[PDB]
Each structure stands twice: as structure tokens, then as C-alpha cells.
């Protein structure tokens, strides 16, 4: 038993004594539920879905290949690189790196793919070219998770994120096969268990990507729906709190439960 979603968000924000942003966007109708929709939040690892979107655009155009192998050095490793550190000798394909970046949130994998599209400014240009004038990436992993208040670097707004995900995952920017490939990596997410997944009824579709950052930051972007098909995009960001991590998970889960109850 939960209050209406917006009311649950207010209560969660109070408990965390922080800042919470949300957009629920219905794919068919364009109906939205929103809260702080136009305020900036740090993306943290949620940016990795955009990164892979830009890589797949280059695959579509013949400039990149998914089976291309990339070799890197022990020097190139940053903190939290659970997949990439296992393949130091043999390297990884572009496709393998996308899967690592999305399913495990491997940081070195993200930085490797970033280098292929022209770094942070490369991703930001891609975004501008597809009609997003808000979202911006300025730094690499792991500096981009610093989440200083008032700092506009490595931020998006819930409204802009939701709109961009709608274009990438369900629009005409990527080919049919690339769209499906991006969603498939999201469905296979291995590190988002304690969040939306923990309150999701049986039979429901979910494809998500999580983020965490400094200053009590946590986020999640998701495509979800009843009866095994995606029907809405959900973006949740929270920041500027001193809450424990699994306390931040719990509040996201709670907002999720209200969202599902009052679907």
C-alpha cells in the first residue's frame, strides 16, 4: 500500500533529506508523470547507455564494427573494471566492451568506447546532433561521478534523458537491429537487482541501467511494462544525500512500488 507516486517521491525526498528527480513517459500516448523534471542531476553510469547508442550509430554507418578487437594495457585500467581486467591479454571486441559497460558497468570498458567516439565532447556533439541540448558529458571515468552541487558538468535533466532514451531506444536514429541490440544489453543488467527489479511483478518486462556517484548520488533509467513488453520509460535520479547506499536503493524501490501500484 503506497500513496500516489508523486506523494511517495516527496516522502522519499524528505527521508533522504536530499533531491529527487523523476520522469515517467508513456511510449504510446506521450503522457508524463514528472517531478523536478527540468532540474539538473549527475548521470553517473546511466550515461553508458548513450555511449553505446553512439557506438551503434557508427556501426550502422559502417565506421565501426562490432567484432573489432581492442587491445589495452594495465595502465588503462581504472577503479571497478571487473570484466576488462580479466581480458588484459586477449583484449575485447567492441561488442564485448558494450556488454561489459552496460551489464556490469565496467568503467575501463566505458573509457575505451569513449575514446572511439571522440571522448566526452564526442558524446556531447552526438547528443546535440540528435536534438538534446541539455545533456552533457565533460569527463571520463571515474572523475565524472564527483557530483558537486551546482556543477553542470556530466549532468542531464530527467525530461531530457527520457526524451533522448525515447529517440534512441524506440526512435529512428538507430537501425532496427541496433535498437534491439541496445535494449538486449539493458535487459541483461546484472547489477540492478535491489532497485526496480526488486519490486517488479512476475511477467513484467524491464531493461535498465544504474548509476551511483558521490554526495549520496544514485540513479536509474529503465524501460518497463506489463505482459512482457516495454510500454514506458522511467528515469529516477537522486543526489545531495548522506544516506547509505542500500538506503538509496530502498527509496528508489519504494518509488518503484508506488509507480507499479498506480500504473
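Positions refer to the first chain, counted from 1.
The mean Cα B-factor in the deposited entry runs higher for 234-242 than for the other of 205-213 and 234-242.
Averaged over their C-alpha atoms, the temperature factors of 248-256 and 20-28 are higher for 248-256. When the modelled residues of the chain are ordered by their C-alpha B factor, residue 158 lands in the middle third. Sort the chain's modelled residues by C-alpha temperature factor and residue 119 lands in the middle third, per the entry. Sort the chain's modelled residues by C-alpha temperature factor and residue 67 lands in the highest third, per the entry. Among all modelled residues in its chain, residue 60 ranks in the lowest third by Cα B-factor. Remark: residue 73 belongs to the highest third of its chain, ranked by C-alpha B-factor as recorded.
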